[PDB]
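> Requesting a structural model of the entry that follows:
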Amino acid sequence: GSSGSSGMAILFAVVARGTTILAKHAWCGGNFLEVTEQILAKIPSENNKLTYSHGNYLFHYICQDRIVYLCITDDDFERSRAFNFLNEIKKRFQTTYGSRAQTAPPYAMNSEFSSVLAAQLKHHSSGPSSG
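Numbering: from 1, shown residues only. For reference, the structure is listed below:
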């Protein structure tokens, strides 16, 4: 009996082009890079989105400029919210680290982004109960 239900908000969120992960940054909890990587290898590179309900969760992925933005969220969590946040950072990445995302090597701009995302996540939702 080990269940924890408190404040449902985005926890995992990384950016990868097809199957190559550039900048990854998720909350300290478990291993999501596993299910995520597997899903990525399944998601095409063509501009198209779709809601994938895996592991009793919702995997919202938005393909753009050969970049896939996946994020793990609770079922209850609304879609608009998920898609929203993703769009925010998504545009921020392609706007700032966009060009590099096409040239720059993998795990190159993970630091800079890692921090940026962390802020967006903590802000978006008051998971840690911060204000």
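
> now the residue lying closest to residue 106 once chain neighbours are set aside: how far from residue 14?
Once flanking residues are discounted, residue 106 sits nearest to residue 20: 5.1 Å by C-beta to C-beta, 6 or more residues apart in numbering. (C-beta placed from N, C-alpha, C; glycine too.) Residue 20 sits 11 Å away from residue 14, taking C-beta to C-beta, to the nearest Å as the criterion.

> out of those two, which sits in the busier spot?
Using other C-beta atoms under 10 Å as the criterion, residue 20 and residue 14 rank with residue 14 on top: 24 against 14.

> Which residues lie in contact with that one in this structure?
21, 23, 24, 25, 26, 33, 36, 69, 70, 71 (C-beta atoms under 8 Å, 6 or more residues apart in numbering).

> and it, backbone torsions?
Phi and psi for residue 14, reported as degrees, to the nearest 10, are phi -140, psi 160.

> which stretches of this protein form strands?
Using DSSP state E, the strands of the chain run over 12-17, 20-26, 49-54, 57-64, 67-74.

> circling back to that earlier point, surely the residue nearest to residue 106 touches residue 105?
No. In this structure, residue 20 is not within contact of residue 105 by C-beta atoms under 8 Å, at 9.1 Å.

> just the contacts of residue 14 now: which is nearest residue 124?
residue 71 (10.4 Å; C-beta to C-beta).

> What is the neighbour count of the closest residue in space to the closest one that isn't next to it in sequence?
Spatial nearest neighbour of residue 71, excluding adjacent residues (C-beta to C-beta, 6+ apart): residue 13 at 4.1 Å. Neighbour count for residue 13, taken as other C-beta under 10 Å: 26.
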